Amino acid sequence: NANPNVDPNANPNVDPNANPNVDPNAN
Amino acid sequence: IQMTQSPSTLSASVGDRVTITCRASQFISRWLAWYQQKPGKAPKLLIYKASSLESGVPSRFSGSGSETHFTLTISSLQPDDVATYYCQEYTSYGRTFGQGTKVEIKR
Amino acid sequence: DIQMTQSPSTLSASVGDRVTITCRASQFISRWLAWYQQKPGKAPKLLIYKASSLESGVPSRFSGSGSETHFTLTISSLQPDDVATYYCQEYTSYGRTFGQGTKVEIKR
Amino acid sequence: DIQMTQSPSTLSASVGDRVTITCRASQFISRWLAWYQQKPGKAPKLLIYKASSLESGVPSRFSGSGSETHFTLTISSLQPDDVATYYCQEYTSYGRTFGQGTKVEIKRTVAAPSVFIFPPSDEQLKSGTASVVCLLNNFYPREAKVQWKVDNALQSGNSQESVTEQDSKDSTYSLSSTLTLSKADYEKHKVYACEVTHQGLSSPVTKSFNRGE
Amino acid sequence: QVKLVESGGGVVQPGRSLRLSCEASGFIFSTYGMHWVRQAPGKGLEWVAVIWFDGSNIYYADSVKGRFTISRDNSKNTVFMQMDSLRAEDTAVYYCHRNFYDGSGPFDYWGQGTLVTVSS
Amino acid sequence: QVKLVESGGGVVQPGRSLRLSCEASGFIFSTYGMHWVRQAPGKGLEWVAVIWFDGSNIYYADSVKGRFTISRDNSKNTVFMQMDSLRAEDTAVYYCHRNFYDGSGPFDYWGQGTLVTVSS
Amino acid sequence: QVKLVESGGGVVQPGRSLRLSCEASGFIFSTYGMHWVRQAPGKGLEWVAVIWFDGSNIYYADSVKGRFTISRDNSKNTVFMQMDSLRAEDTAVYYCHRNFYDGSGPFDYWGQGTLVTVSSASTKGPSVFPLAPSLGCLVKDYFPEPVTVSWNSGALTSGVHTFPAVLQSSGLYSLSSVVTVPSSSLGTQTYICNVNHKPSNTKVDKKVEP
């Protein structure tokens with residue numbers, strides 16, 4: 001969806017995606 | 001929109017599993033956040049999108065849930081994590097806070 | 001799709017060192033690759049995941065590196081309990097895609 | 001265009017000390033910074049990205065904090081291996097804009113130089129114009145000046161000086177000043193000398209010349 | 001850095017008006033807007049008002065009404081609020097809030113807090 | 001310390017069908033999915049099909065698509081596989097795979113394996 | 001195993017043109033672009049134009065735009081520039097840079113650097129001169145950069161000093177080196193001073209006497 005508190009954009013040097021096989025919030 | 005928190009008062013020993021409920025009323029997507037306030041100070045943001053994490057936050061905290069039912073879980077307690085927790089909602093312009101939930105210790 | 005090409009299946013050694021296996025893809029995959037090892041009669045076993053990493057249990061002497069085209073595996077301490085076949089693997093979405101294998105033998 | 005400035009331009013802190021460097025933006029960068037590091041004679045290496053995360057391989061004594069338009073970097077327990085130059089990159093579109101650079105060094109107690117004997121030139125005389133060398137060695141700190149008195153005369157806009165980088169053994173420097181004079185001028189006159197000044201020296205010292213041997 | 005400071009607290013004769021103003025320093029306005037939040041003594045937090053940059057929605061909590069007019073100064077980046085027709089239960093602590101979510105992370109920047117009490 | 005067991009196999013004439021299903025024991029089916037991995041005799045491994053957690057994300061290989069059906073029954077941590085129109089060059093040893101990476105080191109578990117022979 | 005290496009670079013003389021190539025080996029150039037950063041001789045870093053993959057939008061700098069042209073190649077993964085009307089302050093070292101961020105971490109690789117000089121002076125060999133010990137060496141009118149100085153055919157000799165080259169008047173460089181020596185054992189080792197110049201292979205040796 002889209003809220004007025006979140007802007008729509010995408011920095012060209014970063015790829016927005018998540019691998020389904022890895023759980024995020026880890027390093 | 002009326003928003004309620006079920007577990008008004010919780011307690012546990014040094015290291016347990018504690019669960020909190022932030023069941024809303026209306027229909028919202030994954031738009032929710034949690035705040036932790038220590039006495040005599042200002043709140044702090046903990047998680048957003050009901051599943052993500054903040055920066056510089058211990059990995060024990062881990063939210064879950066979707067649609068309407070939302071839960072928060074802690075793997076281990078430690079004495080440092082005694083505070084009050086509020087569950088928020090930031091859909092559209094207005095924001096309505098929760099009701100409150102206090103966690104204590106027992107020796 | 002994605003097709004993985006490996007080094008020639010014939011590889012010989014004399015309990016020496018510096019045996020290299022290559023694995024070249026045909027698209028853009030970043031650091032998502034793992035190597036297996038299958039005994040002649042057994043089930044496959046994991047060796048390293050997220051190339052340029054390691055696994056708890058292996059007796060060292062295993063390493064790799066690469067970025068989007070070429071990933072290599074080296075031993076340099078080949079004892080006589082490594083004989084078997086090694087398979088590439090890629091995991092960037094739902095479903096995998098194995099390579100073709102490479103057998104290591106002993107030169108007499 | 002975005003303009004970036006670094007508040008400190010030179011640092012000098014002893015080992016086991018806390019240092020800080022601040023990078024300030026111009027309009028807005030929503031936490032899209034990155035800090036580099038370039039040792040002399042090499043290529044820069046990435047250190048921190050997104051102003052909070054840490055690249056693999058970096059030790060645990062490097063950390064930094066970020067905000068809208070104010071970023072800082074902190075080094076705890078400084079070791080005598082981090083004498084380099086630190087930049088402040090940004091990336092928010094197709095292109096980057098680097099900062100200015102900051103140098104960090106190591107401090108120690110003051111010391112005094114050891115002025116040597118300055119040999120005149122003869123093969124330079126045979127080939128044409130002559131040159132002579134004023135040389136210092138193993139002094140601290142860097143700040144010092146030199147001047148010459150040829151028959152008690154001051155020269156303006158005729159000499160250049162060079163200084164080496166900080167030594168990696170005892171944290172000291174070196175100096176060397178030269179002068180170019182014509183063949184005809186050196187034939188006349190008799191007396192020339194080197195005059196040096198140093199804050200670590202109680203009084204200026206004088207070194208004479210030697211002609212014929 | 002970014003800091004928020006407010007002023008105007010103090011005792012007030014019940015039935016008399018009072019003015020609140022939040023000072024914003026360290027950034028430039030005209031991006032998303034601000035909020036006012038308060039906390040009753042010993043109770044939970046509660047939402048009050050909202051003001052975006054320039055003229056926008058001025059949505060108020062149902063517990064209060066148009067007696068809580070809020071406006072932004074045209075010259076500087078300050079927000080004003082008018083208090084009037086107070087009650088005995090309006091004593092609380094008023095904070096200053098400005099939150100907006102971007103594509104890289106969250107921003108919170110909570111205020112400091114001032115005290116307002118009613119008595120005789 | 002979980003274990004997996006598959007039941008099935010035998011001799012089946014060209015056409016007809018077969019029934020094999022590796023049931024999940026020692027763990028609770030939660031998040032991620034399961035895969036079926038073939039292994040021709042004396043050849044390399046090959047991926048066949050994938051089933052996600054509840055009912056979604058069902059994909060097939062190029063040489064199997066449109067022939068095999070895989071689904072998970074409700075309230076049971078079992079995966080059922082059905083094939084129609086069996087032919088030659090399809091005799092192999094079938095495994096069951098479950099692998100995911102999170103937190104600490106990786107987790108992966110492989111089944112025992114069953115033999116299927118197709119001939120007359 | 002990325003090994004970006006670039007070639008080219010030499011004396012250009014004012015008002016001329018040059019071409020550089022930065023071949024990419026070890027990967028496939030299919031995603032994101034390659035940058036070009038230039039470092040002045042002793043100053044901070046600076047940015048120069050960039051090119052996106054497959055002839056896409058290109059942005060130039062502010063002090064260079066209007067005189068530089070960039071493009072890529074199809075059969076072989078290379079990038080090129082074609083400059084003209086160079087002034088005297090465009091002498092620097094040019095790097096090949098490429099980076100992009102992904103969910104698995106960062107990605108960045110750097111080239112090696114080619115030294116480009118703009119001036120009006122013919123190449124020349126060094127002229128070594130001796131320093132009287134009543135110990136050192138000296139060069140004079142050597143062009144272009146860089147030069148190498150070695151003592152006693154190797155070894156640090158525990159106290160050698162190599163002062164940085166200083167741009168002497170006119171258009172030719174100059175530099176000197178000194179060696180610390182104990183007051184005793186004078187002349188018993190026969191110290192030697194060796195210089196080597198790559199653009200003009202001279203390799204002249206000098207013997208010093210007290």
# chains A, B, ... in the order shown; residues from 1 in each chain; ligands from 1
$ closest_atom_pairs --of "chain C" --to "chain F" --cutoff "8 Å" --atoms "only C-alpha atoms" --output "CSV"
residue,atom,partner,partner_atom,distance
C:43,CA,F:110,CA,7.0
C:44,CA,F:110,CA,7.7
C:55,CA,F:105,CA,7.4
C:56,CA,F:105,CA,7.7
C:94,CA,F:50,CA,7.2
C:95,CA,F:50,CA,6.3
C:96,CA,F:47,CA,6.5
C:97,CA,F:47,CA,6.4
C:98,CA,F:46,CA,6.4
C:99,CA,F:44,CA,7.7
C:100,CA,F:44,CA,5.5
C:101,CA,F:44,CA,6.5
$ residues_around --residues "range 78-94 of chain G" --least-positions-apart "5" --cutoff "6 Å" --atoms "only C-alpha atoms" --output "ChimeraX atom specification"
/G:14-23,38-41,68-73,113-118
$ interface_residues --of "chain C" --to "chain A" --cutoff "8 Å" --atoms "only C-alpha atoms" --output "PyMOL selection string"
chain C and resi 91-94
$ calpha_fit_rmsd --fixed "chain E" --moving "chain F"
0.9 Å
$ residues_around --residues "residue 2 in chain E" --least-positions-apart "3" --cutoff "8 Å" --atoms "only C-alpha atoms" --output "count of residues only"
4
$ interface_residues --of "chain G" --to "chain A" --cutoff "12 Å" --atoms "only C-alpha atoms" --output "mmCIF file with N, CA and C atoms, in the first residue's frame"
data_model
loop_
_atom_site.group_PDB
_atom_site.id
_atom_site.type_symbol
_atom_site.label_atom_id
_atom_site.label_comp_id
_atom_site.auth_asym_id
_atom_site.auth_seq_id
_atom_site.Cartn_x
_atom_site.Cartn_y
_atom_site.Cartn_z
ATOM 1 N N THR G 31 25.330 -5.133 -14.801
ATOM 2 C CA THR G 31 24.543 -4.394 -13.823
ATOM 3 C C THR G 31 25.363 -3.248 -13.252
ATOM 4 N N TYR G 32 24.725 -2.081 -13.130
ATOM 5 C CA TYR G 32 25.340 -0.873 -12.584
ATOM 6 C C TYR G 32 26.530 -0.412 -13.421
ATOM 7 N N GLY G 33 27.125 0.725 -13.060
ATOM 8 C CA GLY G 33 28.126 1.368 -13.878
ATOM 9 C C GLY G 33 29.490 1.433 -13.213
ATOM 10 N N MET G 34 30.424 2.051 -13.931
ATOM 11 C CA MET G 34 31.797 2.216 -13.478
ATOM 12 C C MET G 34 32.141 3.696 -13.410
ATOM 13 N N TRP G 52 26.496 4.682 -16.874
ATOM 14 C CA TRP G 52 25.691 3.520 -16.539
ATOM 15 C C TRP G 52 25.845 2.451 -17.615
ATOM 16 N N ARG G 98 34.327 1.097 -9.047
ATOM 17 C CA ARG G 98 33.002 0.524 -9.254
ATOM 18 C C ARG G 98 32.486 -0.025 -7.936
ATOM 19 N N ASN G 99 31.278 0.382 -7.550
ATOM 20 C CA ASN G 99 30.673 -0.134 -6.333
ATOM 21 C C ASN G 99 29.156 -0.105 -6.444
ATOM 22 N N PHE G 100 28.512 -0.937 -5.628
ATOM 23 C CA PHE G 100 27.063 -0.989 -5.508
ATOM 24 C C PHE G 100 26.728 -1.826 -4.283
ATOM 25 N N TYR G 101 25.588 -1.528 -3.669
ATOM 26 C CA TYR G 101 25.200 -2.143 -2.409
ATOM 27 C C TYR G 101 24.064 -3.132 -2.621
ATOM 28 N N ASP G 102 24.139 -4.256 -1.914
ATOM 29 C CA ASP G 102 23.183 -5.342 -2.054
ATOM 30 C C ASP G 102 22.858 -5.876 -0.666
ATOM 31 N N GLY G 103 21.806 -6.693 -0.592
ATOM 32 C CA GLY G 103 21.380 -7.267 0.673
ATOM 33 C C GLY G 103 22.393 -8.190 1.321
ATOM 34 N N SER G 104 23.399 -8.642 0.577
ATOM 35 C CA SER G 104 24.444 -9.498 1.122
ATOM 36 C C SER G 104 25.646 -8.718 1.631
ATOM 37 N N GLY G 105 25.603 -7.390 1.586
ATOM 38 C CA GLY G 105 26.713 -6.574 2.014
ATOM 39 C C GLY G 105 27.124 -5.578 0.951
ATOM 40 N N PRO G 106 28.332 -5.041 1.066
ATOM 41 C CA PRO G 106 28.830 -4.091 0.073
ATOM 42 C C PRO G 106 29.649 -4.784 -1.012
ATOM 43 N N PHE G 107 29.837 -4.059 -2.112
ATOM 44 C CA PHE G 107 30.670 -4.504 -3.221
ATOM 45 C C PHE G 107 31.497 -3.316 -3.676
ATOM 46 N N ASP G 108 32.817 -3.475 -3.730
ATOM 47 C CA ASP G 108 33.665 -2.391 -4.204
ATOM 48 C C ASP G 108 35.006 -2.946 -4.662
#
$ residues_around --residues "residue 47 in chain B" --least-positions-apart "2" --cutoff "6 Å" --atoms "only C-alpha atoms" --output "PyMOL selection string"
chain B and resi 33-34+52-54
$ interface_residues --of "chain E" --to "chain D" --cutoff "8 Å" --atoms "only C-alpha atoms" --output "VMD selection string"
chain E and resid 1 102 104
$ residues_around --residues "residue 198 in chain D" --least-positions-apart "4" --cutoff "12 Å" --atoms "only C-alpha atoms" --output "ChimeraX atom specification"
/D:110-115,136,139-146,202-205
$ write_last_selection --atoms "N, CA, C and O atoms" --output "tab-separated table (two decimals), in the first residue's frame"
chain	number	residue	atom	x	y	z
D	110	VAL	N	58.84	16.29	23.72
D	110	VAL	CA	59.64	17.07	22.78
D	110	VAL	C	61.06	16.51	22.69
D	110	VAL	O	61.54	15.80	23.58
D	111	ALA	N	61.73	16.85	21.59
D	111	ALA	CA	63.11	16.44	21.37
D	111	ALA	C	63.83	17.57	20.64
D	111	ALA	O	63.23	18.59	20.29
D	112	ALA	N	65.12	17.37	20.39
D	112	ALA	CA	65.92	18.39	19.75
D	112	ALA	C	66.62	17.82	18.52
D	112	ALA	O	66.97	16.64	18.49
D	113	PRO	N	66.83	18.64	17.49
D	113	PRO	CA	67.50	18.14	16.28
D	113	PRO	C	69.00	17.95	16.48
D	113	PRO	O	69.54	18.29	17.53
D	114	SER	N	69.66	17.40	15.47
D	114	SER	CA	71.11	17.23	15.46
D	114	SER	C	71.62	17.75	14.13
D	114	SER	O	71.65	17.01	13.14
D	115	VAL	N	72.01	19.03	14.09
D	115	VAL	CA	72.46	19.64	12.85
D	115	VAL	C	73.81	19.04	12.45
D	115	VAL	O	74.70	18.85	13.28
D	136	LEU	N	68.63	19.13	8.48
D	136	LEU	CA	68.31	18.78	9.86
D	136	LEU	C	68.04	17.28	9.93
D	136	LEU	O	68.02	16.58	8.92
D	139	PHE	N	64.07	15.69	14.59
D	139	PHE	CA	63.53	16.72	15.46
D	139	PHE	C	62.03	16.53	15.61
D	139	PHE	O	61.39	15.79	14.85
D	140	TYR	N	61.47	17.21	16.61
D	140	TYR	CA	60.04	17.21	16.89
D	140	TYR	C	59.72	18.44	17.72
D	140	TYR	O	60.50	18.76	18.63
D	141	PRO	N	58.61	19.14	17.46
D	141	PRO	CA	57.60	18.89	16.43
D	141	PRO	C	58.01	19.42	15.06
D	141	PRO	O	59.13	19.87	14.87
D	142	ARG	N	57.10	19.37	14.08
D	142	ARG	CA	57.45	19.74	12.72
D	142	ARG	C	57.71	21.24	12.58
D	142	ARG	O	58.62	21.65	11.86
D	143	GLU	N	56.92	22.06	13.27
D	143	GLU	CA	56.96	23.51	13.07
D	143	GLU	C	58.34	24.10	13.33
D	143	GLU	O	58.81	24.13	14.47
D	144	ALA	N	58.99	24.57	12.26
D	144	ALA	CA	60.29	25.20	12.35
D	144	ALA	C	60.54	25.96	11.06
D	144	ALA	O	59.89	25.72	10.04
D	145	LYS	N	61.48	26.90	11.11
D	145	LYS	CA	61.83	27.70	9.95
D	145	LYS	C	63.34	27.86	9.87
D	145	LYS	O	64.05	27.75	10.88
D	146	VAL	N	63.82	28.12	8.66
D	146	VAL	CA	65.25	28.27	8.40
D	146	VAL	C	65.46	29.55	7.60
D	146	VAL	O	64.56	30.03	6.90
D	202	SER	N	66.76	25.93	23.17
D	202	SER	CA	66.84	27.09	24.06
D	202	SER	C	67.25	28.35	23.29
D	202	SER	O	66.67	29.42	23.50
D	203	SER	N	68.24	28.23	22.41
D	203	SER	CA	68.72	29.35	21.62
D	203	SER	C	69.08	28.87	20.22
D	203	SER	O	69.44	27.70	20.04
D	204	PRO	N	68.98	29.74	19.22
D	204	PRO	CA	69.39	29.35	17.87
D	204	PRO	C	70.88	29.02	17.81
D	204	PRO	O	71.69	29.59	18.54
D	205	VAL	N	71.22	28.08	16.93
D	205	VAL	CA	72.59	27.63	16.77
D	205	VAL	C	73.11	28.07	15.41
D	205	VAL	O	72.34	28.34	14.48
$ atom_distance --atom1 "CA of residue 99 in chain D" --atom2 "CA of residue 47 in chain D"
15.2 Å
$ select_by_dssp --residues "chain B" --states "strand (DSSP E or B)" --output "ChimeraX atom specification"
/B:9-12,18-21,33-37,44-48,61-66,69-74,84-87,102-105
$ write_last_selection --atoms "N, CA and C atoms" --output "tab-separated table (two decimals), in the first residue's frame"
chain	number	residue	atom	x	y	z
B	9	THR	N	-0.94	-6.56	33.54
B	9	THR	CA	0.16	-6.71	34.48
B	9	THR	C	0.80	-8.08	34.31
B	10	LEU	N	2.12	-8.10	34.11
B	10	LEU	CA	2.89	-9.32	33.91
B	10	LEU	C	4.05	-9.36	34.89
B	11	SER	N	4.54	-10.57	35.14
B	11	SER	CA	5.71	-10.77	35.98
B	11	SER	C	6.39	-12.07	35.56
B	12	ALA	N	7.67	-12.18	35.89
B	12	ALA	CA	8.45	-13.35	35.52
B	12	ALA	C	9.74	-13.37	36.34
B	18	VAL	N	7.85	-14.15	27.70
B	18	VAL	CA	6.76	-13.26	28.04
B	18	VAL	C	6.10	-12.78	26.76
B	19	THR	N	4.78	-12.83	26.71
B	19	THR	CA	4.01	-12.49	25.52
B	19	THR	C	3.01	-11.38	25.84
B	20	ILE	N	2.85	-10.45	24.90
B	20	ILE	CA	1.93	-9.34	25.04
B	20	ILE	C	1.02	-9.32	23.81
B	21	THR	N	-0.22	-8.90	24.02
B	21	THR	CA	-1.23	-8.87	22.96
B	21	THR	C	-1.64	-7.43	22.68
B	33	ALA	N	3.71	-0.23	15.76
B	33	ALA	CA	5.00	0.01	16.39
B	33	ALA	C	4.85	-0.12	17.90
B	34	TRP	N	5.98	-0.35	18.57
B	34	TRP	CA	6.02	-0.52	20.01
B	34	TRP	C	7.00	0.45	20.64
B	35	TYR	N	6.65	0.97	21.81
B	35	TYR	CA	7.49	1.91	22.54
B	35	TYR	C	7.77	1.39	23.94
B	36	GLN	N	8.97	1.68	24.44
B	36	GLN	CA	9.36	1.33	25.80
B	36	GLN	C	9.73	2.61	26.54
B	37	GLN	N	9.11	2.82	27.70
B	37	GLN	CA	9.33	4.02	28.50
B	37	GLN	C	9.83	3.62	29.88
B	44	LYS	N	10.85	5.43	23.78
B	44	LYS	CA	11.83	5.04	22.78
B	44	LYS	C	11.19	4.06	21.81
B	45	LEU	N	11.50	4.22	20.53
B	45	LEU	CA	10.97	3.32	19.51
B	45	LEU	C	11.73	2.01	19.51
B	46	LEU	N	11.00	0.90	19.38
B	46	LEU	CA	11.59	-0.43	19.45
B	46	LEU	C	11.53	-1.17	18.12
B	47	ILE	N	10.33	-1.39	17.58
B	47	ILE	CA	10.17	-2.06	16.29
B	47	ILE	C	9.13	-1.32	15.46
B	48	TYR	N	9.22	-1.50	14.15
B	48	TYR	CA	8.28	-0.91	13.21
B	48	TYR	C	7.96	-1.95	12.14
B	61	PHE	N	14.52	-9.18	21.64
B	61	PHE	CA	13.21	-8.71	21.22
B	61	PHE	C	12.92	-9.15	19.79
B	62	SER	N	11.70	-9.64	19.56
B	62	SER	CA	11.31	-10.10	18.23
B	62	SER	C	9.79	-10.06	18.15
B	63	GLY	N	9.26	-9.15	17.33
B	63	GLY	CA	7.83	-9.09	17.12
B	63	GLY	C	7.36	-10.12	16.11
B	64	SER	N	6.05	-10.23	15.99
B	64	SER	CA	5.44	-11.18	15.07
B	64	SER	C	4.00	-10.74	14.81
B	65	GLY	N	3.24	-11.60	14.15
B	65	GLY	CA	1.84	-11.35	13.89
B	65	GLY	C	1.62	-10.56	12.61
B	66	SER	N	0.36	-10.56	12.18
B	66	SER	CA	-0.04	-9.86	10.96
B	66	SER	C	-1.54	-9.63	11.01
B	69	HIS	N	-4.13	-9.73	14.77
B	69	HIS	CA	-3.48	-10.21	15.98
B	69	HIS	C	-1.98	-9.93	15.92
B	70	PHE	N	-1.47	-9.23	16.93
B	70	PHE	CA	-0.06	-8.87	17.02
B	70	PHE	C	0.48	-9.26	18.38
B	71	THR	N	1.69	-9.83	18.39
B	71	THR	CA	2.33	-10.29	19.61
B	71	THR	C	3.77	-9.79	19.67
B	72	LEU	N	4.30	-9.72	20.89
B	72	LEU	CA	5.69	-9.37	21.13
B	72	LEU	C	6.28	-10.38	22.11
B	73	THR	N	7.50	-10.84	21.83
B	73	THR	CA	8.13	-11.89	22.62
B	73	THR	C	9.54	-11.50	23.00
B	74	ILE	N	9.97	-11.95	24.18
B	74	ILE	CA	11.32	-11.75	24.68
B	74	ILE	C	11.89	-13.10	25.06
B	84	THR	N	7.69	0.03	30.98
B	84	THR	CA	6.31	-0.01	30.51
B	84	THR	C	6.30	0.00	28.99
B	85	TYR	N	5.44	-0.83	28.40
B	85	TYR	CA	5.39	-1.01	26.95
B	85	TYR	C	4.05	-0.52	26.42
B	86	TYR	N	4.10	0.31	25.38
B	86	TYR	CA	2.92	0.80	24.69
B	86	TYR	C	2.96	0.37	23.23
B	87	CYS	N	1.82	-0.07	22.71
B	87	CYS	CA	1.69	-0.46	21.32
B	87	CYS	C	0.91	0.60	20.57
B	102	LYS	N	2.76	-3.16	32.20
B	102	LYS	CA	3.89	-3.04	33.12
B	102	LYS	C	4.45	-4.42	33.42
B	103	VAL	N	5.77	-4.55	33.37
B	103	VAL	CA	6.47	-5.79	33.67
B	103	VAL	C	7.34	-5.57	34.89
B	104	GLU	N	7.37	-6.57	35.79
B	104	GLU	CA	8.12	-6.45	37.03
B	104	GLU	C	9.04	-7.65	37.23
B	105	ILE	N	9.65	-7.74	38.42
B	105	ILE	CA	10.54	-8.84	38.77
B	105	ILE	C	10.08	-9.42	40.10
$ select_by_dssp --residues "range 5-159 of chain D" --states "alpha helix (DSSP H)" --output "ChimeraX atom specification"
/D:123-127
$ write_last_selection --atoms "C-alpha atoms" --output "mmCIF file, in the first residue's frame"
data_model
loop_
_atom_site.group_PDB
_atom_site.id
_atom_site.type_symbol
_atom_site.label_atom_id
_atom_site.label_comp_id
_atom_site.auth_asym_id
_atom_site.auth_seq_id
_atom_site.Cartn_x
_atom_site.Cartn_y
_atom_site.Cartn_z
ATOM 1 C CA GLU D 123 81.295 19.296 -9.323
ATOM 2 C CA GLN D 124 78.249 21.565 -9.491
ATOM 3 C CA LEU D 125 80.700 24.459 -9.839
ATOM 4 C CA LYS D 126 82.454 22.679 -12.713
ATOM 5 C CA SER D 127 79.172 21.875 -14.470
#
$ atom_distance --atom1 "CA of residue 57 in chain B" --atom2 "CA of residue 97 in chain E"
21.5 Å
$ atom_distance --atom1 "CA of residue 94 in chain D" --atom2 "CA of residue 49 in chain G"
9.7 Å
$ closest_residue --among "D:210, D:156, D:85, D:100" --to "chain G" --atoms "only C-alpha atoms"
D:100
$ closest_residue --among "C:77, C:37, C:6, C:52" --to "chain D" --atoms "only C-alpha atoms"
C:52
$ residues_around --residues "residue 16 in chain C" --least-positions-apart "3" --cutoff "12 Å" --atoms "only C-alpha atoms" --output "VMD selection string"
chain C and resid 12 to 13 19 75 to 80 105 to 107
$ write_last_selection --atoms "N, CA and C atoms" --output "compact mmCIF listing (two decimals), in the first residue's frame"
# COMPACT_ATOMS: atom_id res chain seq x y z
N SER C 12 43.22 -35.60 -10.68
CA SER C 12 44.11 -36.55 -10.05
C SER C 12 45.09 -35.82 -9.14
N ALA C 13 45.54 -36.53 -8.10
CA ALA C 13 46.47 -35.96 -7.14
C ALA C 13 47.28 -37.09 -6.52
N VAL C 19 44.70 -28.18 -5.17
CA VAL C 19 43.71 -28.67 -6.11
C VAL C 19 42.57 -27.66 -6.16
N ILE C 75 41.95 -26.89 -1.42
CA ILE C 75 42.20 -27.74 -0.26
C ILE C 75 43.58 -27.48 0.33
N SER C 76 44.63 -27.72 -0.44
CA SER C 76 46.04 -27.50 -0.10
C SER C 76 46.56 -28.45 0.98
N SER C 77 45.71 -29.28 1.56
CA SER C 77 46.12 -30.24 2.58
C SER C 77 45.39 -31.56 2.36
N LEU C 78 45.40 -32.05 1.12
CA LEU C 78 44.62 -33.22 0.75
C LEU C 78 45.20 -34.47 1.41
N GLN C 79 44.47 -34.94 2.43
CA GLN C 79 44.83 -36.20 3.12
C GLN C 79 44.22 -37.32 2.29
N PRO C 80 43.93 -38.52 2.81
CA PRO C 80 43.31 -39.55 2.03
C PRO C 80 41.93 -39.90 2.57
N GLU C 105 40.60 -38.39 -7.51
CA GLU C 105 41.19 -39.70 -7.28
C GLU C 105 42.63 -39.57 -6.80
N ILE C 106 43.34 -40.69 -6.68
CA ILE C 106 44.71 -40.71 -6.20
C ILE C 106 45.61 -41.24 -7.31
N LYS C 107 46.70 -40.53 -7.57
CA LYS C 107 47.65 -40.92 -8.60
C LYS C 107 48.68 -41.89 -8.02
$ closest_residue --among "F:120, F:85, F:99, F:69" --to "chain A" --atoms "only C-alpha atoms"
F:99
$ residues_around --residues "residue 116 in chain E" --least-positions-apart "2" --cutoff "9 Å" --atoms "only C-alpha atoms" --output "number ranges by chain"
E: 8-12, 90-94, 114, 118
$ closest_atom_pairs --of "chain D" --to "chain A" --cutoff "10 Å" --atoms "only C-alpha atoms" --output "CSV"
residue,atom,partner,partner_atom,distance
D:32,CA,A:11,CA,9.7
D:53,CA,A:27,CA,9.5
D:54,CA,A:27,CA,9.6
D:56,CA,A:27,CA,9.7
D:91,CA,A:13,CA,8.0
D:92,CA,A:11,CA,6.4
D:93,CA,A:12,CA,6.5
D:94,CA,A:12,CA,7.2
D:95,CA,A:13,CA,9.8
$ decode --residues "range 12-37 of chain B" --atoms "C-alpha atoms" --output "tab-separated table (two decimals), in the first residue's frame"
chain	number	residue	atom	x	y	z
B	12	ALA	CA	8.45	-13.35	35.52
B	13	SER	CA	11.76	-14.64	36.86
B	14	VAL	CA	15.25	-13.89	35.50
B	15	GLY	CA	14.91	-15.22	31.96
B	16	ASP	CA	11.59	-16.55	30.64
B	17	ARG	CA	9.17	-16.19	27.72
B	18	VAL	CA	6.76	-13.26	28.04
B	19	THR	CA	4.01	-12.49	25.52
B	20	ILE	CA	1.93	-9.34	25.04
B	21	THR	CA	-1.23	-8.87	22.96
B	22	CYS	CA	-2.04	-5.74	20.93
B	23	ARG	CA	-5.28	-6.87	19.30
B	24	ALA	CA	-6.76	-3.89	17.46
B	25	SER	CA	-10.37	-3.46	16.32
B	26	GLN	CA	-10.54	-2.23	12.72
B	27	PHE	CA	-8.74	-3.54	9.62
B	28	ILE	CA	-5.13	-2.42	9.19
B	29	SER	CA	-2.16	-3.78	7.26
B	30	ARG	CA	1.25	-4.26	8.85
B	31	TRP	CA	1.31	-0.71	10.30
B	32	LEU	CA	2.19	-0.91	13.99
B	33	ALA	CA	5.00	0.01	16.39
B	34	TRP	CA	6.02	-0.52	20.01
B	35	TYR	CA	7.49	1.91	22.54
B	36	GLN	CA	9.36	1.33	25.80
B	37	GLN	CA	9.33	4.02	28.50
